[PDB]
């Protein structure tokens, strides 16, 4: 991976407002702010890399910014943080992974429960919600994910 990051950073607040104001929500999220566990991934870079992670997400997972930025979030699916693309997970429901994959590919909102592992290997069930986000061009460019232990 050789992910690039927006100089100036990301409009996380604007995107949260965009999400809460979206016209046809397929999943209710309730109010959200920058204090919750969240991450932003770039749909237009190789393998949809994490380009922003909230402090609550880092705290929840036990990983640092340096350890999560630039990677696809699937690494949480293994206690050793080693998950190759297209691989058959050995601790995660395959249908669940396919559900996430198809939704992200179609810019469709999705909510699932997925088995994840913290840096120290602690297993937990992550209640995940992913909502596509439009940038200044008005087209879907990012995906904002919300995590819940």
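Numbering follows the first chain given and starts at 1.
**Student:** Determine, for stretches 55-63 and 79-87, which one has the higher mean CA B-factor as deposited.
**Tutor:** Between 79-87 and 55-63, it is 79-87 that shows the higher mean C-alpha B-factor.
**Student:** Pick between 24-32 and 114-122: the one whose mean CA B-factor in the entry is higher.
**Tutor:** Taking the mean C-alpha B-factor of 24-32 and of 114-122, the larger value falls to 24-32.
**Student:** Among the chain's modelled residues, which third holds the C-alpha B-factor of residue 103?
**Tutor:** It belongs to the middle third of the chain when residues are ordered by C-alpha B-factor.
**Student:** Considering every modelled residue of the chain and its Cα B-factor in the PDB entry, is residue 135 in the lowest, middle or highest third?
**Tutor:** Its C-alpha B-factor, which the entry lists for residue 135, ranks in the middle third among residues of this chain.
**Student:** Going by the entry, which third of its chain does the Cα temperature factor of residue 92 land in?
**Tutor:** According to the entry, residue 92 has a C-alpha B-factor in the chain's highest third.
**Student:** For the chain shown, is the CA B-factor of residue 4 in the lowest, middle or highest third of its modelled residues?
**Tutor:** According to the entry, residue 4 has a C-alpha B-factor in the chain's middle third.
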